[PDB]
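Participant: Contents of protein.pdb (PDB, C-alpha atoms and all ligand atoms) are given next:
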```pdb
ATOM      1  CA  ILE O 121     -36.231  29.827 -11.107  1.00  0.00           C
ATOM      2  CA  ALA O 122     -33.849  27.873  -8.872  1.00  0.00           C
ATOM      3  CA  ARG O 123     -35.868  28.696  -5.746  1.00  0.00           C
ATOM      4  CA  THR O 124     -39.233  27.803  -7.294  1.00  0.00           C
ATOM      5  CA  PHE O 125     -38.608  24.816  -9.576  1.00  0.00           C
ATOM      6  CA  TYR O 126     -35.433  23.049  -8.401  1.00  0.00           C
ATOM      7  CA  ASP O 127     -33.587  21.962  -5.252  1.00  0.00           C
ATOM      8  CA  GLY O 128     -29.998  21.882  -4.049  1.00  0.00           C
ATOM      9  CA  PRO O 129     -27.292  19.624  -5.481  1.00  0.00           C
ATOM     10  CA  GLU O 130     -26.786  17.774  -2.180  1.00  0.00           C
ATOM     11  CA  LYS O 131     -30.261  16.263  -2.552  1.00  0.00           C
ATOM     12  CA  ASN O 132     -29.429  14.650  -5.898  1.00  0.00           C
ATOM     13  CA  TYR O 133     -25.965  13.706  -4.609  1.00  0.00           C
ATOM     14  CA  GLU O 134     -27.294  11.755  -1.631  1.00  0.00           C
ATOM     15  CA  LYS O 135     -30.168  10.285  -3.656  1.00  0.00           C
ATOM     16  CA  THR O 136     -27.822   8.822  -6.258  1.00  0.00           C
ATOM     17  CA  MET O 137     -25.520   7.591  -3.484  1.00  0.00           C
ATOM     18  CA  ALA O 138     -28.432   5.660  -1.971  1.00  0.00           C
ATOM     19  CA  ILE O 139     -29.432   4.345  -5.408  1.00  0.00           C
ATOM     20  CA  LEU O 140     -25.868   3.180  -6.085  1.00  0.00           C
ATOM     21  CA  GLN O 141     -25.728   1.406  -2.725  1.00  0.00           C
ATOM     22  CA  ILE O 142     -29.031  -0.377  -3.382  1.00  0.00           C
ATOM     23  CA  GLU O 143     -27.968  -1.519  -6.853  1.00  0.00           C
ATOM     24  CA  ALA O 144     -24.575  -2.723  -5.599  1.00  0.00           C
ATOM     25  CA  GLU O 145     -26.204  -4.829  -2.879  1.00  0.00           C
ATOM     26  CA  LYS O 146     -28.640  -6.254  -5.432  1.00  0.00           C
ATOM     27  CA  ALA O 147     -25.803  -7.208  -7.800  1.00  0.00           C
ATOM     28  CA  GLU O 148     -23.829  -8.887  -5.016  1.00  0.00           C
ATOM     29  CA  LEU O 149     -26.932 -10.785  -3.894  1.00  0.00           C
ATOM     30  CA  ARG O 150     -27.611 -11.972  -7.451  1.00  0.00           C
ATOM     31  CA  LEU O 151     -24.065 -13.298  -7.854  1.00  0.00           C
ATOM     32  CA  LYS O 152     -24.200 -14.989  -4.443  1.00  0.00           C
ATOM     33  CA  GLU O 153     -27.542 -16.594  -5.323  1.00  0.00           C
ATOM     34  CA  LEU O 154     -26.121 -17.968  -8.572  1.00  0.00           C
ATOM     35  CA  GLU O 155     -23.138 -19.449  -6.727  1.00  0.00           C
ATOM     36  CA  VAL O 156     -25.347 -20.961  -4.008  1.00  0.00           C
ATOM     37  CA  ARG O 157     -27.664 -22.515  -6.595  1.00  0.00           C
ATOM     38  CA  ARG O 158     -24.713 -24.033  -8.457  1.00  0.00           C
ATOM     39  CA  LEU O 159     -23.172 -25.476  -5.290  1.00  0.00           C
ATOM     40  CA  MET O 160     -26.421 -26.889  -3.910  1.00  0.00           C
ATOM     41  CA  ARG O 161     -27.357 -28.468  -7.235  1.00  0.00           C
ATOM     42  CA  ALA O 162     -23.900 -30.050  -7.481  1.00  0.00           C
ATOM     43  CA  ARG O 163     -23.858 -31.395  -3.918  1.00  0.00           C
ATOM     44  CA  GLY O 164     -27.538 -31.721  -3.014  1.00  0.00           C
ATOM     45  CA  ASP O 165     -27.013 -31.146   0.722  1.00  0.00           C
ATOM     46  CA  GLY O 166     -29.014 -27.908   0.807  1.00  0.00           C
ATOM     47  CA  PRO O 167     -32.721 -27.209   1.161  1.00  0.00           C
ATOM     48  CA  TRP O 168     -33.169 -26.712  -2.585  1.00  0.00           C
ATOM     49  CA  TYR O 169     -32.896 -29.380  -5.293  1.00  0.00           C
ATOM     50  CA  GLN O 170     -34.123 -32.061  -2.891  1.00  0.00           C
ATOM     51  CA  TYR O 171     -35.530 -34.996  -4.836  1.00  0.00           C
ATOM     52  CA  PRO O 172     -37.942 -37.375  -3.088  1.00  0.00           C
ATOM     53  CA  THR O 173     -36.867 -40.818  -1.912  1.00  0.00           C
ATOM     54  CA  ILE O 174     -38.819 -43.803  -0.591  1.00  0.00           C
ATOM     55  CA  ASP O 175     -40.362 -43.230   2.830  1.00  0.00           C
ATOM     56  CA  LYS O 176     -39.040 -45.618   5.471  1.00  0.00           C
ATOM     57  CA  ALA O 177     -42.429 -45.695   7.228  1.00  0.00           C
ATOM     58  CA  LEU O 178     -43.769 -48.016   4.506  1.00  0.00           C
ATOM     59  CA  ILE O 179     -41.510 -50.905   5.567  1.00  0.00           C
ATOM     60  CA  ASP O 180     -43.129 -53.688   7.603  1.00  0.00           C
ATOM     61  CA  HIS O 181     -41.014 -54.812  10.571  1.00  0.00           C
ATOM     62  CA  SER O 182     -42.847 -58.011  11.482  1.00  0.00           C
ATOM     63  CA  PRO O 183     -42.224 -61.749  11.187  1.00  0.00           C
ATOM     64  CA  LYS O 184     -42.201 -62.562   7.467  1.00  0.00           C
ATOM     65  CA  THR O 185     -43.191 -66.298   7.688  1.00  0.00           C
ATOM     66  CA  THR O 186     -39.621 -67.389   6.946  1.00  0.00           C
ATOM     67  CA  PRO O 187     -36.762 -67.190   9.460  1.00  0.00           C
ATOM     68  CA  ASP O 188     -34.133 -65.537   7.240  1.00  0.00           C
ATOM     69  CA  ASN O 189     -36.340 -62.588   6.198  1.00  0.00           C
TER
ATOM     70  CA  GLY W 116     -50.002 -89.264  31.102  1.00  0.00           C
ATOM     71  CA  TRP W 117     -50.174 -87.199  27.909  1.00  0.00           C
ATOM     72  CA  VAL W 118     -53.142 -84.946  27.115  1.00  0.00           C
ATOM     73  CA  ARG W 119     -53.774 -84.132  23.464  1.00  0.00           C
ATOM     74  CA  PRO W 120     -53.843 -80.351  22.870  1.00  0.00           C
ATOM     75  CA  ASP W 121     -57.258 -78.857  22.200  1.00  0.00           C
ATOM     76  CA  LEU W 122     -58.250 -76.846  19.146  1.00  0.00           C
ATOM     77  CA  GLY W 123     -56.594 -73.442  18.957  1.00  0.00           C
ATOM     78  CA  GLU W 124     -53.779 -74.243  21.405  1.00  0.00           C
ATOM     79  CA  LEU W 125     -50.812 -75.278  19.240  1.00  0.00           C
ATOM     80  CA  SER W 126     -51.224 -72.060  17.207  1.00  0.00           C
ATOM     81  CA  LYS W 127     -50.613 -69.791  20.216  1.00  0.00           C
ATOM     82  CA  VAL W 128     -47.911 -67.144  20.515  1.00  0.00           C
ATOM     83  CA  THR W 129     -45.924 -68.263  23.559  1.00  0.00           C
ATOM     84  CA  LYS W 130     -43.183 -66.564  25.554  1.00  0.00           C
ATOM     85  CA  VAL W 131     -39.672 -68.027  25.664  1.00  0.00           C
ATOM     86  CA  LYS W 132     -37.187 -67.452  28.496  1.00  0.00           C
ATOM     87  CA  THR W 133     -33.642 -67.869  27.169  1.00  0.00           C
ATOM     88  CA  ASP W 134     -30.131 -66.718  28.040  1.00  0.00           C
ATOM     89  CA  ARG W 135     -28.846 -65.956  24.535  1.00  0.00           C
ATOM     90  CA  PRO W 136     -28.246 -62.188  24.245  1.00  0.00           C
ATOM     91  CA  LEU W 137     -30.396 -60.204  21.854  1.00  0.00           C
ATOM     92  CA  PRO W 138     -28.377 -59.445  18.690  1.00  0.00           C
ATOM     93  CA  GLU W 139     -27.440 -55.783  18.400  1.00  0.00           C
ATOM     94  CA  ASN W 140     -27.400 -55.600  14.579  1.00  0.00           C
ATOM     95  CA  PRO W 141     -28.817 -58.748  12.953  1.00  0.00           C
ATOM     96  CA  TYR W 142     -28.884 -57.069   9.522  1.00  0.00           C
ATOM     97  CA  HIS W 143     -25.195 -56.037   9.685  1.00  0.00           C
ATOM     98  CA  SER W 144     -26.281 -52.545   8.672  1.00  0.00           C
ATOM     99  CA  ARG W 145     -23.755 -49.801   7.969  1.00  0.00           C
ATOM    100  CA  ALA W 146     -23.760 -46.359   9.592  1.00  0.00           C
ATOM    101  CA  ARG W 147     -26.663 -44.253   8.346  1.00  0.00           C
ATOM    102  CA  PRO W 148     -25.452 -41.025   6.687  1.00  0.00           C
ATOM    103  CA  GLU W 149     -26.012 -37.746   8.481  1.00  0.00           C
ATOM    104  CA  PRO W 150     -29.111 -35.869   7.257  1.00  0.00           C
ATOM    105  CA  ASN W 151     -29.296 -32.282   6.089  1.00  0.00           C
ATOM    106  CA  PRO W 152     -29.010 -30.174   9.247  1.00  0.00           C
ATOM    107  CA  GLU W 153     -32.267 -28.211   9.691  1.00  0.00           C
ATOM    108  CA  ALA W 154     -34.141 -25.044   8.809  1.00  0.00           C
ATOM    109  CA  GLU W 155     -33.395 -22.553  11.584  1.00  0.00           C
ATOM    110  CA  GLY W 156     -34.381 -19.024  12.535  1.00  0.00           C
ATOM    111  CA  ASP W 157     -37.362 -16.807  11.833  1.00  0.00           C
ATOM    112  CA  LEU W 158     -38.390 -15.486   8.425  1.00  0.00           C
ATOM    113  CA  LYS W 159     -37.301 -11.989   7.398  1.00  0.00           C
ATOM    114  CA  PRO W 160     -38.552 -10.114   4.316  1.00  0.00           C
ATOM    115  CA  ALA W 161     -36.469 -10.507   1.175  1.00  0.00           C
ATOM    116  CA  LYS W 162     -33.706  -7.940   0.771  1.00  0.00           C
ATOM    117  CA  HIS W 163     -34.657  -5.402  -1.917  1.00  0.00           C
ATOM    118  CA  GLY W 164     -37.673  -7.461  -2.931  1.00  0.00           C
ATOM    119  CA  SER W 165     -37.551  -9.957  -5.774  1.00  0.00           C
ATOM    120  CA  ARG W 166     -34.320  -8.522  -7.239  1.00  0.00           C
ATOM    121  CA  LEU W 167     -35.530  -9.672 -10.666  1.00  0.00           C
ATOM    122  CA  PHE W 168     -34.284  -7.341 -13.435  1.00  0.00           C
ATOM    123  CA  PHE W 169     -35.805  -3.837 -13.031  1.00  0.00           C
ATOM    124  CA  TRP W 170     -38.532  -4.660 -10.488  1.00  0.00           C
ATOM    125  CA  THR W 171     -38.048  -2.819  -7.192  1.00  0.00           C
ATOM    126  CA  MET W 172     -40.279  -5.136  -5.136  1.00  0.00           C
TER
HETATM  127  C1  LIG D   1     -40.469  37.396 -14.033  1.00  0.00           C
HETATM  128  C2  LIG D   1     -41.046  37.697 -15.450  1.00  0.00           C
HETATM  129  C3  LIG D   1     -39.951  37.646 -16.564  1.00  0.00           C
HETATM  130  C4  LIG D   1     -39.286  36.234 -16.680  1.00  0.00           C
HETATM  131  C5  LIG D   1     -40.328  35.114 -17.014  1.00  0.00           C
HETATM  132  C6  LIG D   1     -39.733  33.665 -16.854  1.00  0.00           C
HETATM  133  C7  LIG D   1     -40.705  32.567 -17.440  1.00  0.00           C
HETATM  134  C8  LIG D   1     -40.770  31.273 -16.557  1.00  0.00           C
HETATM  135  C9  LIG D   1     -42.214  30.639 -16.545  1.00  0.00           C
HETATM  136  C10 LIG D   1     -42.338  29.409 -17.507  1.00  0.00           C
HETATM  137  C11 LIG D   1     -42.407  28.039 -16.733  1.00  0.00           C
HETATM  138  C12 LIG D   1     -41.677  26.890 -17.507  1.00  0.00           C
HETATM  139  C13 LIG D   1     -42.369  25.499 -17.306  1.00  0.00           C
HETATM  140  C14 LIG D   1     -41.549  24.566 -16.358  1.00  0.00           C
HETATM  141  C15 LIG D   1     -42.459  23.848 -15.295  1.00  0.00           C
HETATM  142  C16 LIG D   1     -41.633  22.901 -14.344  1.00  0.00           C
HETATM  143  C17 LIG D   1     -42.541  21.830 -13.625  1.00  0.00           C
HETATM  144  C18 LIG D   1     -41.891  21.300 -12.318  1.00  0.00           C
HETATM  145  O1  LIG D   1     -40.521  21.295 -12.458  1.00  0.00           O
HETATM  146  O2  LIG D   1     -42.250  22.146 -11.238  1.00  0.00           O
HETATM  147  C19 LIG D   1     -42.696  21.456 -10.098  1.00  0.00           C
HETATM  148  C20 LIG D   1     -43.863  22.227  -9.453  1.00  0.00           C
HETATM  149  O3  LIG D   1     -44.513  23.000 -10.464  1.00  0.00           O
HETATM  150  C21 LIG D   1     -44.487  24.390 -10.221  1.00  0.00           C
HETATM  151  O4  LIG D   1     -45.314  24.691  -9.147  1.00  0.00           O
HETATM  152  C22 LIG D   1     -44.973  25.147 -11.476  1.00  0.00           C
HETATM  153  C23 LIG D   1     -46.218  24.481 -12.145  1.00  0.00           C
HETATM  154  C24 LIG D   1     -46.930  25.450 -13.141  1.00  0.00           C
HETATM  155  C25 LIG D   1     -46.970  24.889 -14.603  1.00  0.00           C
HETATM  156  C26 LIG D   1     -46.703  26.003 -15.667  1.00  0.00           C
HETATM  157  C27 LIG D   1     -47.896  26.171 -16.684  1.00  0.00           C
HETATM  158  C28 LIG D   1     -48.219  27.685 -16.985  1.00  0.00           C
HETATM  159  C29 LIG D   1     -48.611  27.928 -18.496  1.00  0.00           C
HETATM  160  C30 LIG D   1     -49.757  29.004 -18.662  1.00  0.00           C
HETATM  161  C31 LIG D   1     -51.114  28.364 -19.162  1.00  0.00           C
HETATM  162  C32 LIG D   1     -52.262  29.445 -19.340  1.00  0.00           C
HETATM  163  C33 LIG D   1     -53.681  28.788 -19.481  1.00  0.00           C
HETATM  164  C34 LIG D   1     -54.750  29.783 -20.060  1.00  0.00           C
HETATM  165  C35 LIG D   1     -56.180  29.152 -20.102  1.00  0.00           C
HETATM  166  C36 LIG D   1     -57.157  29.960 -20.994  1.00  0.00           C
HETATM  167  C37 LIG D   1     -41.551  21.340  -9.082  1.00  0.00           C
HETATM  168  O5  LIG D   1     -41.720  20.114  -8.364  1.00  0.00           O
HETATM  169  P1  LIG D   1     -41.645  20.162  -6.693  1.00  0.00           P
HETATM  170  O6  LIG D   1     -41.001  18.896  -6.169  1.00  0.00           O
HETATM  171  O7  LIG D   1     -43.049  20.278  -6.134  1.00  0.00           O
HETATM  172  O8  LIG D   1     -40.750  21.487  -6.206  1.00  0.00           O
HETATM  173  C38 LIG D   1     -39.356  21.310  -5.945  1.00  0.00           C
HETATM  174  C39 LIG D   1     -38.769  22.665  -5.415  1.00  0.00           C
HETATM  175  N1  LIG D   1     -39.206  22.969  -4.007  1.00  0.00           N
HETATM  176  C40 LIG D   1     -39.100  21.722  -3.222  1.00  0.00           C
HETATM  177  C41 LIG D   1     -38.251  23.993  -3.487  1.00  0.00           C
HETATM  178  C42 LIG D   1     -40.568  23.510  -3.765  1.00  0.00           C
END
```
Here is a file; write its structure as structure tokens.
Ligand SMILES: CCCCCCCCCCCCCCCCC[C@@H](O)O[C@H](CO[C@H](O)CCCCCCCCCCCCCCC)COP(=O)(O)OCC[N+](C)(C)C

Facilitator:
Amino acid sequence: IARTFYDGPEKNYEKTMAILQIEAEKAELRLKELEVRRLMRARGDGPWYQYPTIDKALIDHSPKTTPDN
Amino acid sequence: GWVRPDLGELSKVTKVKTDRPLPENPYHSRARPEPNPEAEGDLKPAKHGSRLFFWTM
């Protein structure tokens, strides 16, 4: 029965080791992502949570018919 | 000996040769803040896929 239907215990051992490693990395990545999102929403200096401003190319730098401006 | 200007002459854009230095900052502007640095490097596939709940990709 063992020869025909099942395998050795080392197979399951190493499989669950790999599964545990994968899940641990995923958990760490999730926590790091939450922290990064919080920090970049608070500060706004990151790529995410960038809100549009007024483009400076719309300004007209020419004489305005009055000397002051 | 004065000649009256013709039509279209007094409305010309004329050059002026002066000695007054060109102002460096006529608007008295402050120092512009440093921008967000850049996006750098090539794109690599996401580690362990979406990592959303039980989905493995
Ligand atoms: C010796 C006589 C006295 C003792 C009798 C003992 C009785 C034992 C027989 C009863 C069998 C119990 C059913 C359990 C089936 C397990 C299914 C699965 O686990 O087997 C897979 C494969 O299946 C097997 O090949 C068996 C499949 C056969 C299904 C049994 C159904 C027989 C019922 C009879 C029906 C009669 C129909 C009549 C029609 C009219 C294994 O997956 P695999 O990853 O590949 O192999 C891993 C091991 N390796 C790598 C070393 C090879």

Participant: Please report the interatomic distance between atom CA of residue O:136 and atom CA of residue W:161 in Å with one decimal.

Facilitator: 22.4 Å

Participant: Spell out the residues picked by the PyMOL selection byres ((chain W) within 9 of (chain O)) here, as a VMD selection string.

Facilitator: chain W and resid 150 to 154 162 to 163 166 to 167

Participant: Quick one: what's the axis-aligned box for ligand LIG 1 (chain D), all listed atoms, 8 Å on every side, centre and edges in Å to one decimal, as AutoDock Vina command-line options?

Facilitator:
```
--center_x -47.7 --center_y 28.3 --center_z -12.1 --size_x 34.9 --size_y 34.8 --size_z 33.8
```

Participant: Could you work out how far atom CA of residue O:129 lies from atom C15 of ligand LIG 1 (chain D), giving the answer in Å with one decimal?

Facilitator: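 One can read the atom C15 of ligand LIG 1 (chain D) to atom CA of residue O:129 distance as 18.6 Å.
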
Participant: Selected by the PyMOL selection byres (((not hetatm)) within 7 of (chain D and resi 1)) in the shown coordinates: which residues, as a short mmCIF file (atom, residue, chain, number, x, y, z; two decimals) with C-alpha atoms, in the frame of the given file?

Facilitator:
```
data_model
loop_
_atom_site.label_atom_id
_atom_site.label_comp_id
_atom_site.auth_asym_id
_atom_site.auth_seq_id
_atom_site.Cartn_x
_atom_site.Cartn_y
_atom_site.Cartn_z
CA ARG O 123 -35.87 28.70 -5.75
CA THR O 124 -39.23 27.80 -7.29
CA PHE O 125 -38.61 24.82 -9.58
CA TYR O 126 -35.43 23.05 -8.40
CA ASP O 127 -33.59 21.96 -5.25
#
```

Participant: So the first atom is atom CA of residue W:170 and the second is atom CA of residue O:139; what is the distance between them in Å, to one decimal place?

Facilitator: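 For atom CA of residue W:170 relative to atom CA of residue O:139, the distance reads 13.8 Å.
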